[PDB]
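Position 232 (the sequence shown) corresponds to 596 in our numbering; numbering is contiguous.
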Amino acid sequence: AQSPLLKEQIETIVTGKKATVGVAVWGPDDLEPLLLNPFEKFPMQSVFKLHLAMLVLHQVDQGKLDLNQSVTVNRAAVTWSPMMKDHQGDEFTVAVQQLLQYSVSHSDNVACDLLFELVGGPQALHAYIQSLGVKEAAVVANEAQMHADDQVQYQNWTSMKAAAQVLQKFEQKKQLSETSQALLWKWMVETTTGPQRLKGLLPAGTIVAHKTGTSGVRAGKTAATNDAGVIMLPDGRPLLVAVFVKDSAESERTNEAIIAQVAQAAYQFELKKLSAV
Numbered sequence: 365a366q367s368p369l370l371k372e373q374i375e376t377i378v379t380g381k382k383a384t385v386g387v388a389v390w391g392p393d394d395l396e397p398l399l400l401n402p403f404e405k406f407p408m409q410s411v412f413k414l415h416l417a418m419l420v421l422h423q424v425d426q427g428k429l430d431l432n433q434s435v436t437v438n439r440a441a442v443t444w445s446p447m448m449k450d451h452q453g454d455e456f457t458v459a460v461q462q463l464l465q466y467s468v469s470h471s472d473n474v475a476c477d478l479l480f481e482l483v484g485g486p487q488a489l490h491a492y493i494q495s496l497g498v499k500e501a502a503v504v505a506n507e508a509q510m511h512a513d514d515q516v517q518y519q520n521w522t523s524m525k526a527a528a529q530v531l532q533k534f535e536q537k538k539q540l541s542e543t544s545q546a547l548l549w550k551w552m553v554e555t556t557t558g559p560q561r562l563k564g565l566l567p568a569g570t571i572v573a574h575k576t577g578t579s580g581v582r583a584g585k586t587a588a589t590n591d592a593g594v595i596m597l598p599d600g601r602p603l604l605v606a607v608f609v610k611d612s613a614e615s616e617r618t619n620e621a622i623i624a625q626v627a628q629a630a631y632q633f634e635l636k637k638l639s640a641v
């Protein structure tokens, strides 16, 4: 085993990168996640759409919302949005389910905010996340608010423990009904976002259910390049990895490679154990 050598390997991957790199790793034999930079508040960027989806699907389970329930999107009434690119015309209707797909799989910002409008907004998400017993995270703002002043993304933050905690609650399947859980997983697996992030240095065909977050480049700097998710090991057990690269001065590809490298470290460590029976 030697878990401290796993942490050693990750420190050596991060050291002397011009960024603050938060890490959580939670292997299937670990009672606790390995954390790197456990004191820092990491801007979640779109990683919070995973949280939001959990809130939405919970309310679906409660009969407060319906998956086919419909939402009138008016173009003159409402940023990154495949949903707006996909639909023609000034007004159209989308099912909640479609809103979730756009939000979780495509990081659609408009779909996200429309989902906020249904559940009681950012503070409702905030209180949801606390309800799960996850203390070290905050949601104060929706996507439109973050687009208005890019200091605002720092107000939507998680610690690495809280990143780990939300991935466990997701992976363990106890928060949602079977139908809701299966859908969230599907959206998170079938996303094409961040192919170079947790998946980047894994074997092709490795199942990774994950959610990205990426701020724009401002001031030569990148506030958040994130990826959190569940990697399926070749014994079919889960490996939770979250890597948040914050306030980085490094190239986009470097930021992404940091994530790939850490995730490959954790995965290979897990492979090595399996290799030895």
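Idealized CB from N, CA, C, for every residue including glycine.
From which residue to which residue does the alpha helix (DSSP H) around residue 549 run?
542-553
Pull up the DSSP beta-bridge partners for residue 473, would you.
Its beta-bridge partners do not exist; DSSP assigns none.
What does DSSP give as the partner residue(s) for residue 575 in the beta ladder?
592
Backbone CA spacing between residue 546 and residue 391 [nearest angstrom]:
22 Å
Tell me the rounded alpha-carbon separation between residue 480 and residue 365.
44 Å
Across which residues does DSSP place residue 444 in a beta bridge pair?
In the DSSP output, where bridge partners are listed per residue, residue 444 has none listed.
Between the CA atoms of residue 434 and residue 371 - distance to the nearest angstrom:
47 Å
What are the start and end residues of the beta strand (DSSP E) that includes residue 438?
434-438
Give the DSSP bridge partners of residue 455, in chain order.
438
Where does residue 543 land, buried or exposed, given buried means 16+ other C-beta within 10 angstroms?
exposed
Please classify residue 443 as buried or exposed, where buried requires at least 16 neighbouring CB atoms within 10 angstroms.
exposed
Proximal residues to residue 438 (C-beta, below 6 Å), its chain only, five neighbours per side dropped
455
Could you tell me which whole alpha helix (DSSP H) segments of length 4 or greater appear in the region 482-548?
485-495, 507-512, 524-536
Option nearest residue 528 by Cα separation, candidates 549, 496, 376, 553
496
Report the residue from 502, 606, 489, 524 whose alpha carbon sits nearest the alpha carbon of residue 691.
Because residue 691 is not part of the residues shown, which for the chain are 365 to 641, the question remains open.
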